Amino acid sequence: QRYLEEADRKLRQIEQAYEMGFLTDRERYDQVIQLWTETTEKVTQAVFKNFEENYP
């Protein structure tokens, strides 16, 4: 819930730059493309550890 809604706000970050010229269409695409990858890590990292810390 946590690390995910963080990505939900971070998307609004990457979008907020898209309107400032900072991020064009292609580089904003890479920032949002990596956002879901980092979240993709933050989740599995949570899974495994969750099992080890609670239900091994």
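Along every chain, residue numbers run from 1 in sequence order, not necessarily as the entry numbers them; residues that have no coordinates are omitted. Values throughout apply to the part shown, which belongs to a larger assembly of chains. The side-chain numbers reported here are obtained from all heavy atoms of the structure, hydrogens and water having been left aside.

Going by the header, the method for this PDB entry is X-ray crystallography, and the resolution given is 4.600 Å.

A.B. asks: When you look at the packing of aromatic side chains in this model, what are you seeing that I'm missing?
C.D. replies: Centre-to-centre distance and the angle between the planes together describe a pair of aromatic rings. For this analysis, a ring pair means two rings from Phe, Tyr or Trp (six-membered ring only for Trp) whose centres lie within 6.5 Å, classed as stacked if their planes differ by under 30 degrees, edge-to-face if by over 60, and tilted for the remaining angles. Taken as a whole and assessed by the stated rule, the structure comprises zero aromatic pairs. For the cation-ring pair, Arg 2 lies above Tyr 3, with the distance from its terminal atom to the ring centre recorded as 4.5 Å. Put simply, a charge is over a ring when the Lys NZ or the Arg CZ is close to the ring centre, within 6 Å, and near the line of the ring normal, within 35 degrees. A cation over a ring is seen here: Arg 28 above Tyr 18, with NZ or CZ 5.5 Å from the ring centre.

A.B. asks: Could you clarify how one ought to interpret the nonpolar core in this entry?
C.D. replies: It is characteristic of soluble globular proteins that their nonpolar side chains tend to be buried jointly. In this structure, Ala 7, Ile 14, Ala 17, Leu 23, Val 32 and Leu 35 together form the largest nonpolar core, which totals six residues. Of all elements in the fold, only helix 1 (2-18) and helix 2 (25-53) reach the threshold of two or more residues within this core. Under the DSSP-based scheme used, a helix requires at least four consecutive residues in state H or I and a strand at least two consecutive residues in state E, with every element numbered from the N terminus. No other element matches helix 1, which puts three residues into this core. Contacts were defined at the residue level, with two residues in contact if any of their heavy atoms lie within 4.5 Å. Residues within four places of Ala 7 in sequence aside, it is in contact with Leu 35, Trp 36 and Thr 39. Put simply, buried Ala, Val, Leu, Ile, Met, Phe, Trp, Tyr and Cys residues joined by side-chain atoms within 4.5 Å make one nonpolar core. Here the term buried applies to any residue with accessible area under 20% of the maximum for its type, exposed to any over 50%, and partly exposed to those in between, with areas from a 1.4 Å probe on protein chains only.

A.B. asks: Help me out: how do you make sense of a nonpolar patch on the surface in this one?
C.D. replies: On the surface, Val 47, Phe 48, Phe 51 and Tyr 55 cluster together to form a nonpolar patch covering roughly 460 Å² of accessible area. Inspection of the secondary structure assignment puts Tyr 55 in the segment after helix 2. For patches, a residue must show more than 30% relative accessible area and have no salt bridge; joins then use 9 Å for like charges and 5 Å for nonpolar side chains, namely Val, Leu, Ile, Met, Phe, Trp and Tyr. Shrake-Rupley sampling with a 1.4 Å probe provides the accessible areas, and residues are treated as covered by the protein chains on show and by no other component. Salt bridges are defined by distance alone: a side-chain nitrogen of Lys or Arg within 4 Å of a carboxyl oxygen of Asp or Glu.

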